[PDB]
């Protein structure tokens, strides 16, 4: 049975404050006895701006019931800094939250704030945790965004070694080996290989990247992730499409296509987009328009309107 906080001697000095909903509010929630009681006392605690251990304990009670309660999370971090609490211990609690399936924008942001403040000299153990946390949830958007932040923030502090970057690429390669259709991992590859300030982008480095991309395409010809990466790569480095065309041409009917893998019906819509864009590069607008028309009427009819727009843009 639940013991009301008004009956607890630890809270006797606190006068709870009721929720100020006003008369007959819309969308009211029938709060549980526990949640209402906790919020009544939090309202009082926060109004008086008490920074104490009981206030800290109370914030944990509330966020367990509602992980998205941003006000309480804001108050919790203020409590951690005011009381000079062990932030490493708090990180361990956040790990437990993930295991207990308690998640939100707020939990991930709280984690960011903790790592920012702890500011470890080597963030390897946190990087390792994040990798492990992606196993049951390989596409969790918050986790991927956090990983980007972690490497970005700590690299500005000069705290990411070349060995650390190397193992990160190794890990990303394994993720893409496990699931080549994981677009989140492709996005992480782009950061590691293209967009990050320290990315190695020499002539031979671009050659190696092209090889990797094409081999990914030849392995999974219908993988939209791989095609978007190819097109993004050539566009970013202002590389002509024509010299790579022999590797893509078989999908419209450097590493070349495999007999093609089984269950690979032709043509691949994005291979046709490539072919059409290569015609535009050659100033062959009529040939380009012909491909867009085929995409519109036969090979990618869902986007009939869009491909017609691209066709008209040639004429």
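In this text, the rigid core denotes the largest set of C-alpha atoms whose superposition between the two forms falls within 1.5 Å. Numbering follows the first chain given and starts at 1.
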Which of 99 to 107 and 179 to 187 strays further in 5 other deposited structures of this protein - Cα RMS after rigid core alignment: 99 to 107
Stretch with larger C-alpha RMS deviation in 5 other deposited structures of this protein, core superposed, 213 to 221 versus 90 to 98: 90 to 98
At least a third of other PDB entries omit residue 259: yes
Between neighbours residue 259 and residue 258, residues that the deposited sequence lists but the model omits: 1 to 3
Length class of the unmodelled deposited segment, which would lie between residue 253 and residue 254: 10 or more
Mean temperature factor over C-alpha atoms, higher-scoring stretch between 230 to 238 and 186 to 194: 230 to 238
Which of 47 to 55 and 276 to 284 has higher mean CA B factor, as the PDB entry lists it: 276 to 284
Deposited CA B-factor, highest of 247, 38, 65, 27: 247
Criterion, highest CA B-factor; candidates, 99, 72, 112, 160: 99
B-factor third for the C-alpha atom of residue 204 within its chain: highest
Record-listed C-alpha B factor of residue 178: chain third: middle
Assigned third (lowest, middle, highest) for the C-alpha B factor of residue 124: middle
Cα B factor band for residue 243 (lowest, middle or highest third within the chain): highest
B-factor third for the C-alpha atom of residue 211 within its chain: highest
